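**Student:** Below is one structure. I have some questions about it.
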Amino acid sequence: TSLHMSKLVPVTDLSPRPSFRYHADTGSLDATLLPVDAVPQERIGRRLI
Amino acid sequence: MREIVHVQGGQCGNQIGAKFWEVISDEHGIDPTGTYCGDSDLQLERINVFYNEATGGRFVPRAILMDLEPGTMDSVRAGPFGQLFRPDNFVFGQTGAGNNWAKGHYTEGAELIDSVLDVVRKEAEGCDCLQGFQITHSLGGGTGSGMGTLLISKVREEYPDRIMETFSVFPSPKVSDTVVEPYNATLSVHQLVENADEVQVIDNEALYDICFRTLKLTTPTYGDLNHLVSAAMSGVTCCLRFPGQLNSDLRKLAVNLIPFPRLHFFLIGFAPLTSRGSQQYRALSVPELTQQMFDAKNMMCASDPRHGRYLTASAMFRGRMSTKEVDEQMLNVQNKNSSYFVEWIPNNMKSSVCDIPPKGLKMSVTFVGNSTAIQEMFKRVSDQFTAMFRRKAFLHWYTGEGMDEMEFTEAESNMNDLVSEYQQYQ
Ligand SMILES: Nc1nc2c(ncn2[C@@H]2O[C@H](COP(=O)(O)OP(=O)(O)O)[C@@H](O)[C@H]2O)c(=O)[nH]1
């Protein structure tokens with residue numbers, strides 16, 4: 001049997017198969033307090049002489 | 001309680017907002033990161049006049065940045081005391097008024113004004129009450145003179161009873177930058193005369209005069225000129241945050257210096273300003289403050305008051321100092337220079353005392369003087385306005401986006417009769 005000795009649960013581990021390559025979880029840039037979750041960004045400015 | 005809302009337009013405005021709020025942070029002990037240090041009660045017992053507590057213990061300015069090109073706001077953000085200002089109070093224009101009054105005012109003064117007055121409404125109505133507005137800008141520029149005046153029009157229409165303080169720097173006759181020079185001056189003047197409460201006249205060649213002749217600087221940068229104005233406009237408002245023996249706010253200044261509501265133009269000065277050559281060699285006494293102040297080498301306007309007549313005056317002192325030497329000096333000027341004061345108003349000046357002197361000086365004084373010497377400034381602007389308006393010069397930049405000939409004719413019509421009514425009280 002592929003089931004358990006005493007009560008009905010499978011015993012032969014499991015056979016998984018993903019559909020796609022499964023990337024791009026879309027890590028959101030906003031936390032539970034929602035600031036922006038800043039990382040060091042770019043200035044779009046003139047040279048700071 | 002009462003809060004003064006600072007608005008600053010043009011790149012002269014954005015630089016003057018950085019330098020005025022660092023002398024305010026100097027009095028208040030405001031650390032550049034936003035906190036406070038100093039351990040004294042008198043700064044923070046009126047801190048709501050300029051600063052808003054931001055639920056983190058830091059004090060943010062009530063300052064409204066304003067310009068049509070983002071370069072001059074990058075410089076004031078990167079500079080020291082630049083992280084004090086809230087970034088949402090910065091408004092960004094992209095096209096820019098290139099020294100042009102008309103396109104500063106109408107068609108690149110319209111897409112930004114609906115968001116910057118949204119900022120002003122958000123900031124002023126959030127406070128429980130108002131004391132007035134203080135708009136510092138330039139009248140020889142494009143965006144500080146074009147749409148800086150249009151904000152003045154719309155907040156006056158919306159909020160009529162609140163005071164309209166405005167520090168405005170003017171064209172310099174000797175040094176001529178912004179070569180379309182009198183058009184920006186005159187078009188801003190004939191609006192500002194009937195649509196303001198108090199206009200304080202700054203002129204860059206007068207500030208060069210007080211760096212060279214009394215302060216003994218060799219290389220005066222724009223930072224020193226910006227620092228000199230910040231002396232005066234901090235001393236005008238010194239009683240809104242510090243107590244005194246004879247107290248005076250901005251409405252105090254408006255009700256006394258203005259005999260007729262149409263004329264409200266003043267010469268401004270600060271005392272004392274000397275170099276380290278004569279820093280240790282002079283007594284900081286009350287007669288020494290007023291003898292140095294009542295002259296042509298200390299005014300921030302390029303008009304000699306000896307050529308005219310002081311219609312009204314106001315000396316507003318600072319520091320721990322005796323009250324007899326206030327009024328005795330302010331009456332000795334009348335008994336000596338009697339011909340330099342008008343006859344149909346007795347006791348032409350107003351005294352005030354701020355108990356707290358500025359940083360490092362035991363006693364100072366600011367001065368707001370309504371004279372008829374402003375008139376000789378307006379003739380010296382008008383004689384260059386009509387010299388190049390008769391010959392139709394540079395008017396294709398002024399008629400191609402919304403004006404006509406009638407608005408130009410009304411411009412000198414509304415300031416030459418200002419000149420004529422300055423004659424009648426001379
Ligand atoms: N008082 C003062 N005047 C300035 C300063 N910088 C520029 N100006 C004057 O303003 C004029 C330039 O106008 P500008 O502000 O660049 O035009 P805008 O940016 O379109 O408003 C020049 O003629 C200067 O004399 C400053 O830091 N302080």
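Just remember, in the structure tokens the first chain shown is A, the second B, etc., residues are 1-based per chain, and ligands are 1-based in the order shown.
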How would you write, as a PyMOL selection string, the set of residues no farther than 9 Å from ligand 1 when counting only C-alpha atoms and all ligand atoms?
**Tutor:** chain B and resi 9-16+67-69+72+96-101+104+137-146+148+168-172+175-179+181+202-205+207+221-226+229
**Student:** Leaving out residue B:363 and any residue of its chain fewer than 4 positions from it, which residues lie within 6 Å of it when counting only C-alpha atoms, given as number ranges by chain?
**Tutor:** B: 318-319, 357
**Student:** Identify which of the residues B:272, B:71, B:360, B:79 lies closest to chain A, counting only C-alpha atoms when measuring atom-to-atom distances.
**Tutor:**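 The closest residue to chain A is B:71.
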**Student:** Would you list which chain B residues are within 9 Å of chain A using only C-alpha atoms, as a list in words?
**Tutor:**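 The complete set of qualifying residues is residues 70, 71, 74, 75 and 78 of chain B.
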**Student:** Excluding same-chain residues fewer than 2 positions from residue B:134, what lies within 6 Å of it counting only C-alpha atoms, as a PyMOL selection string?
**Tutor:** chain B and resi 6+165-166
**Student:** Those residues with N, CA and C atoms, as a tab-separated table (two decimals), in the first residue's frame please?
**Tutor:**
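Saved file selection22.tsv follows:
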```
chain	number	residue	atom	x	y	z
B	6	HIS	N	6.39	81.69	5.20
B	6	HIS	CA	7.40	82.18	4.28
B	6	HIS	C	7.18	81.51	2.93
B	165	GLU	N	3.35	90.81	3.70
B	165	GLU	CA	4.75	91.21	3.78
B	165	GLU	C	5.46	90.67	2.55
B	166	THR	N	6.30	91.49	1.93
B	166	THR	CA	7.07	91.02	0.79
B	166	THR	C	8.39	91.78	0.69
```
**Student:** Select from stretch 9-158 of chain B everything DSSP, run on the backbone, classes as alpha helix (DSSP H), then give the selection as a ChimeraX atom specification.
**Tutor:** /B:10-28,41-44,71-78,101-105,113-126,143-146,148-158
**Student:** When you look at stretch 14-22 of chain A with a cut-off of 12 Å (counting only C-alpha atoms), what residues show up, excluding the ones that are within fewer than 4 positions of it in the same chain? I need them as number ranges by chain.
**Tutor:** A: 2-3, 9-10, 26
**Student:** Give me, please, the distance in Å between atom CA of residue B:92 and atom CA of residue B:112, quoted to one decimal.
**Tutor:**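 Atom CA of residue B:112 lies at a distance of 8.1 Å from atom CA of residue B:92.
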**Student:** Would you pick out the contacts of residue B:198 at 10 Å or less, using only C-alpha atoms, so that residues sharing its chain but fewer than 2 positions from it are not included, and give the list as a tab-separated table (two decimals) with C-alpha atoms, in the first residue's frame?
**Tutor:**
```
chain	number	residue	atom	x	y	z
B	134	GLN	CA	6.08	86.88	3.81
B	163	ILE	CA	-0.92	90.85	6.19
B	164	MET	CA	1.06	90.91	2.95
B	165	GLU	CA	4.75	91.21	3.78
B	166	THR	CA	7.07	91.02	0.79
B	167	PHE	CA	10.82	91.53	0.56
B	192	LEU	CA	2.25	94.97	-6.46
B	193	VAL	CA	1.28	98.56	-5.59
B	195	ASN	CA	-2.09	94.28	-4.19
B	196	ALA	CA	0.27	94.23	-1.18
B	200	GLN	CA	10.59	96.27	1.48
B	201	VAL	CA	13.08	97.47	-1.11
B	250	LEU	CA	4.24	93.08	11.52
B	251	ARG	CA	0.71	94.54	11.74
B	253	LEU	CA	4.56	98.09	11.43
B	254	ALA	CA	1.86	98.29	8.76
B	257	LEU	CA	4.28	103.33	8.60
B	258	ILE	CA	1.44	103.73	6.09
B	261	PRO	CA	-2.80	102.53	1.84
B	263	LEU	CA	2.06	104.03	-0.58
B	264	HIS	CA	3.76	101.27	1.41
B	265	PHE	CA	7.37	101.21	0.16
B	266	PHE	CA	10.19	101.25	2.71
```
**Student:** Could you tell me how far atom CA of residue B:122 sits from atom CA of residue B:109, in Å to one decimal place?
**Tutor:**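 These two atoms are separated by 19.7 Å.
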**Student:** For a test of reading the model, state the distance in Å between atom CA of residue B:125 and atom CA of residue B:236, rounded to one decimal.
**Tutor:** 24.6 Å
**Student:** List every residue of stretch 207-388 of chain B that DSSP, applied to the backbone of this structure, places in strand (DSSP E or B), and write the result as a compact mmCIF listing (two decimals) with N, CA and C atoms, in the first residue's frame.
**Tutor:**
```
# COMPACT_ATOMS: atom_id res chain seq x y z
N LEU B 246 8.43 96.74 24.95
CA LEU B 246 7.50 97.48 24.10
C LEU B 246 7.39 96.67 22.81
N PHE B 265 6.02 101.61 0.56
CA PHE B 265 7.37 101.21 0.16
C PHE B 265 8.38 101.77 1.16
N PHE B 266 9.32 100.93 1.59
CA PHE B 266 10.19 101.25 2.71
C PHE B 266 11.65 101.02 2.35
N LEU B 267 12.53 101.80 2.98
CA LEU B 267 13.95 101.49 3.00
C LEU B 267 14.27 100.71 4.27
N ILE B 268 15.14 99.72 4.15
CA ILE B 268 15.42 98.76 5.21
C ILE B 268 16.91 98.81 5.51
N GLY B 269 17.27 98.69 6.78
CA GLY B 269 18.67 98.62 7.16
C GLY B 269 18.84 97.90 8.48
N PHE B 270 20.07 97.46 8.73
CA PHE B 270 20.41 96.78 9.97
C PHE B 270 21.66 97.40 10.56
N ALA B 271 21.76 97.37 11.89
CA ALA B 271 22.91 97.90 12.60
C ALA B 271 23.28 96.93 13.72
N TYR B 310 11.63 111.85 5.05
CA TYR B 310 11.11 110.68 5.74
C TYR B 310 9.68 110.96 6.18
N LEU B 311 8.72 110.37 5.47
CA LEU B 311 7.32 110.54 5.82
C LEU B 311 7.00 109.85 7.14
N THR B 312 7.48 108.62 7.32
CA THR B 312 7.26 107.86 8.54
C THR B 312 8.47 106.97 8.75
N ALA B 315 12.21 102.62 14.29
CA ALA B 315 13.40 101.95 14.78
C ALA B 315 12.99 100.88 15.77
N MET B 316 13.39 99.64 15.51
CA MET B 316 12.97 98.47 16.29
C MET B 316 14.23 97.83 16.87
N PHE B 317 14.51 98.14 18.13
CA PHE B 317 15.75 97.77 18.80
C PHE B 317 15.70 96.34 19.33
N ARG B 318 16.88 95.84 19.71
CA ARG B 318 17.05 94.49 20.23
C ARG B 318 18.08 94.52 21.35
N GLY B 319 17.88 93.67 22.36
CA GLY B 319 18.85 93.46 23.41
C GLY B 319 18.39 94.03 24.73
N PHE B 341 12.38 115.44 7.87
CA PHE B 341 11.18 114.79 8.36
C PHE B 341 9.98 115.66 8.02
N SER B 351 8.99 103.26 18.24
CA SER B 351 9.95 102.42 18.92
C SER B 351 9.37 101.04 19.19
N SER B 352 10.26 100.05 19.25
CA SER B 352 9.93 98.72 19.72
C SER B 352 11.18 98.10 20.33
N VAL B 353 10.99 97.18 21.26
CA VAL B 353 12.08 96.51 21.96
C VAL B 353 11.84 95.01 21.90
N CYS B 354 12.78 94.29 21.30
CA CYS B 354 12.91 92.85 21.45
C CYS B 354 13.98 92.64 22.51
N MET B 363 23.46 94.01 21.43
CA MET B 363 22.42 94.98 21.12
C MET B 363 22.46 95.30 19.63
N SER B 364 21.29 95.35 19.01
CA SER B 364 21.16 95.65 17.59
C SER B 364 19.91 96.50 17.38
N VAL B 365 19.64 96.84 16.12
CA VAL B 365 18.43 97.58 15.75
C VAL B 365 18.20 97.39 14.26
N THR B 366 16.93 97.23 13.89
CA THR B 366 16.50 97.28 12.50
C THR B 366 15.66 98.54 12.29
N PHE B 367 15.46 98.91 11.03
CA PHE B 367 14.78 100.16 10.73
C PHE B 367 13.94 100.02 9.47
N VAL B 368 12.70 100.47 9.55
CA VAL B 368 11.76 100.46 8.43
C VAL B 368 11.32 101.90 8.21
N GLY B 369 11.72 102.48 7.08
CA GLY B 369 11.45 103.89 6.86
C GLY B 369 10.73 104.19 5.56
N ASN B 370 9.50 104.66 5.66
CA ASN B 370 8.72 105.10 4.51
C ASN B 370 9.10 106.54 4.21
N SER B 371 9.73 106.76 3.06
CA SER B 371 10.19 108.07 2.66
C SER B 371 9.64 108.38 1.27
```
